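Read-outs throughout are calculated quantities, based only on the coordinates presented, and are distinct from any laboratory measurement. Ideal geometry is used to build each Cβ from the backbone, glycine not excepted, and the neighbour counts take in all protein chains shown.
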Amino acid sequence: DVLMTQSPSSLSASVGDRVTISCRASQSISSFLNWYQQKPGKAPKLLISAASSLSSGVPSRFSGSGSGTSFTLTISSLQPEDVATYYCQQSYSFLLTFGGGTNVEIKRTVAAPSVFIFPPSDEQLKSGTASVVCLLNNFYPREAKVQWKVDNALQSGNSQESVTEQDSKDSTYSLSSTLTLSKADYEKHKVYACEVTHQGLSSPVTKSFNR
Amino acid sequence: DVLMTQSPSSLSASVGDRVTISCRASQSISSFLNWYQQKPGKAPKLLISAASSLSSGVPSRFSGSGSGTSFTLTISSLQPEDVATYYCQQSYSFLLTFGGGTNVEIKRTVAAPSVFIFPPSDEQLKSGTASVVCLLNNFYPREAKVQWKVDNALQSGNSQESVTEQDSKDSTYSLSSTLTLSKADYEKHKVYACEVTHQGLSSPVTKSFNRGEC
Amino acid sequence: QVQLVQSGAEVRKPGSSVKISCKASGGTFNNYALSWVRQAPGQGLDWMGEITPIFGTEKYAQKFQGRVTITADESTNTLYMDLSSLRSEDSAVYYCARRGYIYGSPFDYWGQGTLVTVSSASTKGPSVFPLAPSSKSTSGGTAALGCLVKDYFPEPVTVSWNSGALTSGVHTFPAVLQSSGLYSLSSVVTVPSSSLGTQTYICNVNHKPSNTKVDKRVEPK
Amino acid sequence: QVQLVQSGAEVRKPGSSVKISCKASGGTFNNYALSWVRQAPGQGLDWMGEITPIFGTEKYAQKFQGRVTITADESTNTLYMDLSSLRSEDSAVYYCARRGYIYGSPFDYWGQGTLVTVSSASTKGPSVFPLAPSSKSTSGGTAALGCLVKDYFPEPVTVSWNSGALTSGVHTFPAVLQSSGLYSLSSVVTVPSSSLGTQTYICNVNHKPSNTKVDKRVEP
């Protein structure tokens with residue numbers, strides 16, 4: 001069997017930077033090496049076949065090189081829409097195999113999150129659970145700290161976060177944090193606050209309501 | 001090479017019958033002819049060497065005769081534990097050769113099978129699969145048919161069966177048939193039935209269970 | 001051919017089988033090789049097997065030998081993959097991938113993917129709650145409006161806004177598995193506050209496994 | 001009392017080699033001729049070759065000349081066979097057999113046999129499930145109990161009952177190859193129904209190729 005190994009596992013660069021991804025085969029695969037682009041929950045798309053043949057409609061900033069056991073994909077001018085996982089794949093042997101992927105991210109100027117807080121709906125509270133939501137909109141970089149305080153008591157193990165894919169146009173993230181409480185517990189407290197720490201904000205930003 | 005030919009390739013005899021099997025060599029091998037007994041999944045056992053010499057422990061109902069090109073093994077009174085394949089082998093020529101074997105089988109009175117049906121284990125259902133098993137136990141002769149029915153619908157392509165070697169004590173066979181469904185398909189139906197056809201049964205015998213214990 | 005269109009999301013109990021279709025919408029599977037490739041959660045592409053109808057050949061990755069059958073039906077112009085004895089580990093997105101029948105050819109056409117969930121957990125439709133901003137929050141000129149889609153199984157839910165009309169500045173977050181074994185997600189739109197005066201904002205939630213179709217208008221409190 | 005003890009069953013890929021060992025306990029290979037004999041499924045015994053270390057001689061059957069090599073290490077009382085360029089046709093039980101050095105001697109000692117499976121498939125240990133009657137099935141007076149040894153590769157598995165104390169009425173069936181390409185086997189025993197009330201019934205399963213050992217109590 002042919003084992004395909006990609007390097008690096010991920011990279012970040014600025015718009016217009018030239019970046020390269022490596023693919024090595026455990027044994028010679030001649031020219032039979034293909035590269036695909038995949039955005040999350042989308043079909044892969046063929047970029048390059050036979051090591052260096054650009055698929056029709058693929059921008060010229062994509063190129064491929066190599067033979068035998070060593071291949072490279074180059075992007076000469078990284079664009080915001082190039083954020084994706086890139087996969088090599090050998091078509092040499094009887095049983096086909098893919099490399100493990102390289103995740104390509106954009107570097108851009110810091111953008112602080114716009115922060116919003118949502119109390120639980122009266123509809124939800126009727127059925128005995130309280131979901132409190134904090135939204136961080138259109139920020140860069142990805143790393144963000146979101147803390148929940150209920151009457152200034154920091155909350156532990158009762159919150160979950162979800163993050164968007166880096167935006168294909170603006171290269172920003174958005175993030176949701178959800179605090180889950182019983183209706184009984186929610187009704188015993190007044191001040192609900194989400195506190196956000198991020199590189200774009202001089203001091204942590206707090207959004208709060210009184211029940 | 002010295003080629004060893006055994007006849008017959010199989011035989012069926014009654015308990016207490018005199019059985020003779022033949023072994024012929026393509027060239028003269030003097031007295032250097034050995035007989036082995038082999039039971040399924042077991043190593044061969046030396047019975048006779050030098051055409052006629054019984055190995056220690058071998059019962060005297062076994063005897064061997066011959067020289068040159070023509071040999072025989074004889075069981076004077078066939079016993080149930082004698083069911084086996086028997087092989088001759090020459091040790092006269094440097095490139096040793098075995099005969100192709102003779103299978104010795106017992107014929108006995110017809111016995112209809114005892115029949116047991118096994119629902120799938122809760123342990124297997126927890127994993128998502130339902131193996132339903134039907135056991136036909138200690139019957140004769142070997143020919144037996146199992147058909148599966150699920151709420152009276154005849155099943156095809158989702159069962160497999162295996163049969164034991166003839167029993168060394170009572171000369172009977174046993175058979176197991178396994179019907180394999182997904183748990184999701186198993187839970188859609190109530191009546192699981194194994195229908196058994198055999199010479200000892202004038203009409204087929206069907207055993208059932210009701211899933212959930214109806 | 002022009003477009004490989006796969007069947008919708010599926011949920012199966014462990015031990016069951018799943019048959020996924022791939023229709024060569026506006027084209028054929030004659031003199032092509034048809035592979036199936038899967039992508040398990042946060043993992044890479046894994047090739048399962050391939051058929052080349054014209055040659056009567058089929059092959060599988062060792063780890064799928066005896067588990068997968070790939071069949072092509074000319075009548076329906078449809079390629080099928082049947083994966084049997086499903087386990088938790090088979091929860092993934094399954095892609096059909098077409099290539100020329102010639103040795104060495106690349107996959108130039110892919111289907112959109114089919115999500116399969118393998119679980120003994122019961123299907124359950126979501127409760128949809130508004131994410132309503134305070135008037136103080138909207139007073140700054142931006143209204144963040146959302147819907148919380150709570151306690152459903154299995155994935156997926158689809159969320160749209162205004163039945164397809166609002167896409168820009170919609171963030172529909174990846175689902176989270178909660179400690180209950182149920183999924184939740186939120187979808188938010190951020191719009192100029194004055195637009196609350198000139199149009200409705202309705203979240204459209206569809207959970208096909210439970211036959212749930214819910215519309216919720218969202219307003220500040 | 002000499003015993004020849006062979007190495008375990010193994011799967012080997014097509015084109016690979018297999019080396020099988022045969023160890024003499026309570027005895028040696030020092031004044032003996034040492035043969036290997038194989039048995040393909042449902043076929044006869046096929047002599048492969050022999051070495052006689054005391055005389056430094058060797059001989060091989062024409063159909064195995066080149067592909068089979070037989071060697072001895074008397075210092076560890078161990079005999080070996082190596083078979084190269086394996087094909088599906090080489091899937092078989094391999095037996096070591098010992099005979100006297102003297103001309104014409106018979107094979108009076110045999111190993112237990114080693115099943116070599118030539119396949120690209122992976123080794124996989126079984127799951128062991130109890131086979132127990134609906135409680136009304138025991139109301140009859142005879143109880144059949146068993147274990148279903150499901151989804152293993154390669155063969156074989158061994159099944160004992162109550163650590164080998166229970167042998168009467170045991171039937172361990174031939175494995176069946178499922179459409180998955182994995183084996184399944186059942187072992188059953190019949191016992192008086194009342195014995196269900198007075199002792200345990202446990203099946204002891206061993207799949208040495210995967211080092212899987214399972215004891216399973218059987219209960220309706």
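Each of B:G16, B:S177, B:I117 was scored by the projection of its Cα onto the charge dipole of chain B, and the greatest displacement toward the positive side belongs to B:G16; charges sit on the C-beta of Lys, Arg, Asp and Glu.
Summary value for chain C: 19 percent relative contact order, contacts being C-alpha pairs under 8 angstrom separated by 6+ residues. Note: relative contact order over the range B:114-210, using C-alpha pairs below 8 Å and six or more positions apart, is 33 percent. Can you give me the distance in nm between label points at C:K136 and A:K42, each placed 7 Å from the Cα along the Cα-to-Cβ direction? Taking the simple label geometry, C:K136 and A:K42 are separated by 4.1 nm. Model label sites at A:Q27 and D:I102, defined 7 Å from Cα along the beta-carbon direction, differ in position by 5.3 nm. Extending 7 Å from the Cα toward the beta-carbon at both B:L3 and A:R18 defines two label points whose distance is 7.6 nm. Based on DSSP H segments of at least four residues, each scored -39500 (n - 2.57), chain A has a per-residue ellipticity at 222 nm of -500 deg cm²/dmol. In chain D, the DSSP beta bridges split such that about 95 percent are antiparallel, to the nearest 5.
Rounded to the nearest angstrom and listed largest first, the equivalent-ellipsoid semi-axes of the range A:71-211 from its Cα gyration tensor are 40, 20, 11.
Rank the residues C:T69, D:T167, B:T20 as a footprinting-exposure proxy: fewest other Cβ atoms within 10 Å of their Cβ go first.
D:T167, B:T20, C:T69
For the cross-link pairs D:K13/D:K208; B:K42/D:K216; B:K39/B:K107; B:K183/C:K124; B:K45/D:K19, the ones whose C-alpha atoms lie over 22 Å apart are B:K42/D:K216; B:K45/D:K19.
Rg ratio for the range D:161-219: its Cα radius of gyration over 2.2 N^0.38 Å, N being its residue count, equals 1.30.
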